[PDB]
């Protein structure tokens, strides 16, 4: 068993420099981690649109040219590369899982001295791996990012977290507040969520030492509202994919999905990060609105997919018979449908709506058109079968 109370520690060298900058209006040099991933591609695009800064992107790879091509191909898959200015993209070859982010002395020192703000979005998101395996990327990597931001000149870190650090609701029916206790780690169902919980706790120590660190706890991210571009391996779309594959759905089974478009998340995080009086605070990004499971099924039926209603046993035997995206998620699908309110605790977002007042930034409505864009993206990219 992991002693999670002992895992909450920040190396004593991670402390504010003599100069501490708490805002980053009009930044000139930005460090972004996780730019070769889903949210990171949209964070990169939005920083291009909302600053004039060069964006140093920490990317793993053999050499800068190969890392650049990885970053590019990811952005092209999400259909945002055309919105990015490559002349403002600077690849920083490194690794969240190794000391000083895998940088050499010259690069570490130069970024520590000159980056105006850090968006710490990179992490290893694996729903099964144990905490011990994810610690280096997700916890120690966060400590290393904090080390870099703090050293020489202290600049703000904007850390992407998850509403999953909560173990359900504090008081029934009361939306979870940004100040509410999280964890305990042992109550969280995955090593991944436990690693994010530890990172947050490490960040609380940094905050207690005077280091400027904002935290954005994000819920499930769905595709962008323009092209529908979305990662493939999340519970929502694998659930719907499984139903499509099984060509059926269990009778009398209802649930919901709180979809949060990725381009809302990127715009919100970057937008809040410039709003006044937000540095050092924690924010919840969560869509109060949802699409019911029955709504998704009806929408898929209207697109031409065969989804016959069958008894639970017949359905689960189809799913467990092989080649079905839901098979490893059957337990989660059953928990979500049998106690949906328990599965999706209410989340308070008032601080988030207030900070975004007047920014033009808002969650899109979950329309039929939006849903159809989502399915169309997966069908074109080969992730969903055609109807």
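Positions refer to the first chain, counted from 1.
Student: Comparing 27-35 with 58-66, where is the mean C-alpha B-factor higher?
Tutor: Result: 58-66.
Student: Between 40-48 and 326-334, which has the larger average Cα B-factor in the PDB entry?
Tutor: Result of the comparison: 326-334.
Student: Could you say which of 295, 195, 214, 227 has its CA atom at the highest B factor, as listed in the PDB entry?
Tutor: In the PDB entry, the greatest C-alpha B-factor among 295, 195, 214, 227 is found at 295.
Student: Out of 147, 158, 124, 247, which residue has the highest Cα temperature factor in the PDB record?
Tutor: Among 147, 158, 124, 247, the highest C-alpha B-factor in the entry belongs to 247.
Student: Please place residue 235 in the lowest, middle or highest third of its chain according to the CA B-factor in the PDB entry.
Tutor: Its C-alpha B-factor belongs to the middle third of this chain's values.
Student: Could you place residue 100 in the lowest, middle or highest third of its chain by Cα temperature factor, using the values in the record?
Tutor: It falls in the bottom third of the chain.
Student: Within this chain, which third does the Cα B-factor at residue 72 fall in: lowest, middle or highest?
Tutor: Within its chain, residue 72 is a middle-third residue by C-alpha B-factor, going by the deposited values.
Student: Hey, what third does residue 115 fall into on Cα B-factor, ranked over its chain?
Tutor: It belongs to the middle third of the chain when residues are ordered by C-alpha B-factor.
Student: Of the three thirds of its chain by CA temperature factor, lowest, middle or highest, which one includes residue 20?
Tutor: As the PDB entry reports it, the C-alpha B-factor of residue 20 lands in the highest third of its chain.
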